[PDB]
Amino acid sequence: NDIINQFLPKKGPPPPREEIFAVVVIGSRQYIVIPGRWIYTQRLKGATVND
RNA sequence: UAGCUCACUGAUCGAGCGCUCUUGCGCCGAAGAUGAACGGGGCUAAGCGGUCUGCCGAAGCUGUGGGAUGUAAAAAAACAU
Ligand SMILES: [Mg+2]
Ligand SMILES: [Mg+2]
Ligand SMILES: [Mg+2]
Ligand SMILES: [Mg+2]
Ligand SMILES: [Mg+2]
Ligand SMILES: [Mg+2]
Ligand SMILES: [Mg+2]
Ligand SMILES: [Mg+2]
Ligand SMILES: [Mg+2]
Ligand SMILES: [Mg+2]
Ligand SMILES: [Mg+2]
Ligand SMILES: [Mg+2]
């Protein structure tokens, strides 16, 4: 069972997130955002990586 | 010739009715050659007028980002394109 666990792993349990979602306006489009997830948008002018 | 019948009149019946226009929408006039042939299915509105209010609808206008050309002679920032 150590071998058969190594080579055929069981699906791990899902990471915890809050049960919540929002609908937010960015660059005049509306996205549904759930926390922990990344989305694509219009360039935000004057935004730097790690902001 | 006769004969039938009409115009007109008396009577009966008891509440409307005559001849005129004129709008709107229809009917007939209207019939071809490969096969519904007029978008289709269908609809008495899901057709036609008139009025009220919602919505859909484009590469138009707005929103958020990039480019370029002209001002213009470095940029950057404007405006226009
Ligand atoms: Mg006769
Ligand atoms: Mg025929
Ligand atoms: Mg039709
Ligand atoms: Mg109408
Ligand atoms: Mg459009
Ligand atoms: Mg285009
Ligand atoms: Mg375009
Ligand atoms: Mg335009
Ligand atoms: Mg622009
Ligand atoms: Mg330029
Ligand atoms: Mg220029
Ligand atoms: Mg120049």
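Ideal geometry is used to build each Cβ from the backbone, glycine not excepted, and the neighbour counts take in all protein chains shown. Just so you know, all these numbers are worked out from the coordinates, no wet-lab data involved.
Laid out as a table, the results:
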read-out: Test result for A:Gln30, assigned to a loop (DSSP other than H, G, I, E, B), over 14 Å from the mean Cα position of the chain (by Cα) and not small (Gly, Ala, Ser); value: no
read-out: Scan of segment A:1-17 for residues that are out of contact with any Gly (no Cβ under 8 Å at 6 or more places or on another chain) and part of a loop (DSSP other than H, G, I, E, B), ordered by number; value: A:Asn1, A:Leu8, A:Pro9, A:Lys10, A:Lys11, A:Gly12, A:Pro13, A:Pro14, A:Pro16
read-out: Residues of segment A:24-46 that turn out to be within 16 Å of RNA strand B (Cβ to nearest atom) and of a type outside the set (D, E, K, R), as a count; value: 13
read-out: Filter result (in contact (Cβ under 8 Å) with a residue 12 or more places away in the chain and among the β-branched types (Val, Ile, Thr)) within segment A:24-51; value: A:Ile26, A:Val33, A:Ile34, A:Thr41
read-out: Every residue from segment A:18-27 that is farther than 19 Å from A:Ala47 by Cα and assigned to a strand (DSSP E or B); value: A:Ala22, A:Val23
